[PDB]
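A.B. asks: Below is the structure I would like to discuss, written out as structure tokens.
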Amino acid sequence: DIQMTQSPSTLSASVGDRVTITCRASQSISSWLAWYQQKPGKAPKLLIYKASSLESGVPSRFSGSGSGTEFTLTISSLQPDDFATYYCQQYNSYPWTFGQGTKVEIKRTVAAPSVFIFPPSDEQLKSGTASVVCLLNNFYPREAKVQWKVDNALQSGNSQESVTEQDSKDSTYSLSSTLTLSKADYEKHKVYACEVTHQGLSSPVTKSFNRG
Amino acid sequence: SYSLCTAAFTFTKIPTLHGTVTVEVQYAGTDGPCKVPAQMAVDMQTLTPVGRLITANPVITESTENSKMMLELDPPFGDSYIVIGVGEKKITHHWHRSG
Amino acid sequence: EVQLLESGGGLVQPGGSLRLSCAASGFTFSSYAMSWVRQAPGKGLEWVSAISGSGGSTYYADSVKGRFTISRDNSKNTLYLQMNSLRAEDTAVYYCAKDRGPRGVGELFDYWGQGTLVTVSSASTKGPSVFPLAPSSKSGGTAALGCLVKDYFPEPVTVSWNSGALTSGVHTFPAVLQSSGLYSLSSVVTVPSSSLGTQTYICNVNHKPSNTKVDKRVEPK
């Protein structure tokens, strides 16, 4: 099966910059190679076929080059709607295999997150469980560190986080750490806090509440 | 019943037989055994199959790379384009019949 | 006007069967080759199967061969994919794409549909629990509220704010698979400092698999 492997697996750049993605094949495939773009939640779109031929509707900053084994996709000047994951595909023979993808992200000024905590709703306590939620809002870069401290004791194996895709207006990220405990085991502690360590925070910010 | 080959074909020893024509092709693929797509046309115009294509039901009978194949077709008089394939690796040549 | 619309996906037990459809509309179907490409949630695109414009030729991927069957009905402009021995690893969004060139084999995938989700598991349809994310932080941070959608299966859940009126500052992060095998989702929105007693905020959760659409009013505590 012809193996497509792209490089790199993750890209960061600012608008106006030139970015170049790479795709090496397991064997020689001359110019039989396409490129697609996929935005989060949408279907892929064909951008370039036969290595350098643009598909009608694709802007001029997109270009393709390569033959035999090493092909590259180039964006002359990154624009705010070009951020997506880009796949590689050889149609030299069947089965038409793809690469693993390349995620293009927008660089921006470091942004500190507004941190919020939410206590469990009573409604849920009646059910039998309790979940505290820690929300990091509109911060860059994506790399963050959220820590749960219950009565100043760090937690592990009770929380689950999830970061949103880069926003289109301000190129910022947003994650949410959900700490879930039993109602019996929740009721015994008092203070609940999430510690936040970011690249755009001078000192760790922690927002908490004491009840239970 | 076989599927059509999905790889690329080649044009080796170029060629008549007082009416019919013969051409040898080289298949660069491992999905054999598949149907070899061969026909004549007037190209860039939804390649309408003209001609006859004499060779009976051509198939790459082996799953090994770079197999050779003898194909004989009945091209029409005048200029024509012997298409060997189907897809984006479809090769095309030029023919002229005794005018 | 090339419009493609996949239909026929959902939840099925391992070893069962399900068949997908794809109604193509904007081109001469009897001239173009169509294919099926799937995408596991969080991973890349894997090629499943492709069929010719006549149906005389049909190709499959090894992980799928001898279990799926691709079919075509050129009279009704639809395309099918019969899946008869589904496993867990077949869980993906299945796309219906059309060849970039007429009378081909499926070398390229010109147009794509948005897809239909198939989740193969032994778990049962479980409706979510939506609990408010009451807003406090007493001229505050800038205010923040939301909803916690918890313990649902399968994955498709859609949440909207104020019957689609609230749309700025909303954050719908991806669902996290909890250790129980059930998903949990958080949706949040930042609103102005003042306006918290004036305009009321409701999150509308809809879980089409369990028919549990709900309107949870988020009041301040």
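A.B. asks: Taking the criterion of being of a type in the set (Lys, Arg) and either under 30 Å from C:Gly106 (Cβ atoms) or touching a helix residue (DSSP H, G or I) at 6+ places or on another chain (Cβ under 9 Å) (or both), would at least one residue in region A:100-110 satisfy it?
C.D. replies: Yes: region A:100-110 contains one or more residues that are of a type in the set (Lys, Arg) and either under 30 Å from C:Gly106 (Cβ atoms) or touching a helix residue (DSSP H, G or I) at 6+ places or on another chain (Cβ under 9 Å) (or both).
A.B. asks: Could you say whether any residue in region B:81-91 is touching a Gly at 6+ places or on another chain (Cβ under 6 Å), among the small types (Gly, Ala, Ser) and under 22 Å from C:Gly55 (Cα atoms)?
C.D. replies: Looking for residues that are touching a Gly at 6+ places or on another chain (Cβ under 6 Å), among the small types (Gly, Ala, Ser) and under 22 Å from C:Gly55 (Cα atoms), one finds at least one in region B:81-91, hence yes.
A.B. asks: I'd like the full set of residues that are more than 10 Å from chain A (Cβ to nearest Cβ), within 18 Å of C:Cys147 (Cβ to Cβ), of a type outside the set (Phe, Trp, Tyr) and surrounded by 13 or more Cβ atoms within 10 Å (Cβ to Cβ), limited to region C:190-212. Give the derivation first.
C.D. replies: Start the filter on region C:190-212 by keeping residues that are more than 10 Å from chain A (Cβ to nearest Cβ), which leaves C:191-212.
Checking which are within 18 Å of C:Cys147 (Cβ to Cβ) leaves us with C:191, C:196, C:199-208, C:210, C:212.
Subset that is of a type outside the set (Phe, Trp, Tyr): C:191, C:196, C:199-200, C:202-208, C:210, C:212.
Residues satisfying the conditions are C:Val191, C:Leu196, C:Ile202, C:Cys203, C:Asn204, C:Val205, C:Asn206, C:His207, C:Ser210, C:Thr212.
A.B. asks: Hey, another quick one. Please identify the pairs in which a residue from region C:195-206 that is closer than 14 Å to C:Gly164 by Cα has its Cβ atom under 9 Å from the Cβ atom of a residue that is charged (D, E, K, R) and outside any strand (DSSP E or B), counting only partners at least 6 apart or on another chain.
C.D. replies: Pairs found: C:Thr200/C:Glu219; C:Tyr201/C:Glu219; C:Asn204/C:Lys213; C:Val205/C:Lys213; C:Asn206/C:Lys213.
A.B. asks: Same structure again: Of all residues in region C:181-221, which are among the charged types (D, E, K, R) and in a strand (DSSP E or B)? So that I can check it myself, show each step before the final result.
C.D. replies: Filtering region C:181-221 for residues among the charged types (D, E, K, R) gives C:208, C:213, C:215-217, C:219, C:221.
Selection gives C:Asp215, C:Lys216, C:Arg217.
A.B. asks: While we're here: C:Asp151 is checked against (1) at positive phi; (2) within 12 Å of another protein chain (Cβ to nearest Cβ); (3) in a loop (DSSP other than H, G, I, E, B) and fails just one. What number does that condition carry?
C.D. replies: (3)
A.B. asks: Say whether the condition of being part of a loop (DSSP other than H, G, I, E, B) and out of contact with any strand residue (DSSP E or B) (no Cβ under 6 Å at 6 or more places or on another chain) is met by at least one residue in region A:174-183. Steps first, answer last, please.
C.D. replies: The first filter runs over region A:174-183 and keeps only residues part of a loop (DSSP other than H, G, I, E, B), leaving none.
Checking region A:174-183: not a single residue is part of a loop (DSSP other than H, G, I, E, B) and out of contact with any strand residue (DSSP E or B) (no Cβ under 6 Å at 6 or more places or on another chain).
A.B. asks: Something else: Looking only at residues that are in a strand (DSSP E or B) and within 14 Å of chain B (Cβ to nearest Cβ) in region C:35-67, which one is surrounded by the most Cβ atoms within 10 Å (Cβ to Cβ)?
C.D. replies: Filtering first and then ranking leaves C:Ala50.
A.B. asks: Considering each residue of region A:64-103, count those that are more than 14 Å from every other protein chain (Cβ to nearest Cβ), among the small types (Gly, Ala, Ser) and either in a loop (DSSP other than H, G, I, E, B) or under 25 Å from the mean Cα position of the chain (by Cα) (or both), and give that number.
C.D. replies: Residues in region A:64-103 being more than 14 Å from every other protein chain (Cβ to nearest Cβ), among the small types (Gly, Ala, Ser) and either in a loop (DSSP other than H, G, I, E, B) or under 25 Å from the mean Cα position of the chain (by Cα) (or both): 2 in total.
A.B. asks: Then there is this: Anything in region A:48-63 that is surrounded by fewer than 19 Cβ atoms within 10 Å (Cβ to Cβ), at positive phi and more than 11 Å from chain C (Cβ to nearest Cβ)? List them, or say none.
C.D. replies: Selection gives A:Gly57 alone.
A.B. asks: For C:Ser139, indicate whether it is more than 10 Å from every other protein chain (Cβ to nearest Cβ), more than 30 Å from A:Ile117 (Cβ to Cβ) and small (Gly, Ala, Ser).
C.D. replies: No; evaluated as a whole, the condition is false for this residue.
A.B. asks: Do any strands (runs of 3 or more DSSP E) entirely within region B:6-91 hold 2 or more residues that are touching a strand residue (DSSP E or B) at 6+ places or on another chain (Cβ under 6 Å) and closer than 23 Å to A:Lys50 by Cβ, and if so, which? Outline the logic, then answer.
C.D. replies: On the way: elements: B:8-11, B:21-28, B:38-41, B:67-73, B:78-84.
Output list reads B:8-11, B:21-28, B:38-41, B:78-84.
A.B. asks: May I ask you to list the residues in region A:104-116 that are crowded, with 22+ Cβ neighbours inside 10 Å and either basic (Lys, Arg) or at the interface with chain C (Cβ under 10 Å from one of its Cβ atoms) (or both)?
C.D. replies: A:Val115, A:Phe116
A.B. asks: If you don't mind, another one. How many residues are closer than 22 Å to B:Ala28 by Cα, within 11 Å of chain C (Cβ to nearest Cβ) and not in a strand (DSSP E or B) if we restrict to region A:1-47?
C.D. replies: 3
A.B. asks: Just the residues that are over 26 Å from the mean Cα position of the chain (by Cα), of a type outside the set (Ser, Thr, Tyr) and buried (at least 16 other Cβ atoms within 10 Å of the Cβ), please, taken from region A:186-212.
C.D. replies: Matches in region A:186-212: A:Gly212 only.
A.B. asks: If C:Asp110 satisfies all but one of (1) assigned to a loop (DSSP other than H, G, I, E, B); (2) charged (D, E, K, R); (3) surrounded by fewer than 21 Cβ atoms within 10 Å (Cβ to Cβ), what's the number of the condition it fails?
C.D. replies: Here C:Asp110 clears every test but (1).
A.B. asks: Something else: When you check C:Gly104 against the structure, is it under 27 Å from A:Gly101 (Cα atoms), in contact with a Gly (Cβ under 9 Å, 6 or more places away or on another chain) and in a loop (DSSP other than H, G, I, E, B), yes or no?
C.D. replies: Details: under 27 Å from A:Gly101 (Cα atoms): yes; in contact with a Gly (Cβ under 9 Å, 6 or more places away or on another chain): yes; in a loop (DSSP other than H, G, I, E, B): yes.
The answer is yes for C:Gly104.
For neighbour counting, all protein chains shown are included, and Cβ atoms are generated from backbone atoms with ideal geometry for every residue, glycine included. The numbers here are math on the coordinates, done by the rules we state, and not lab data.
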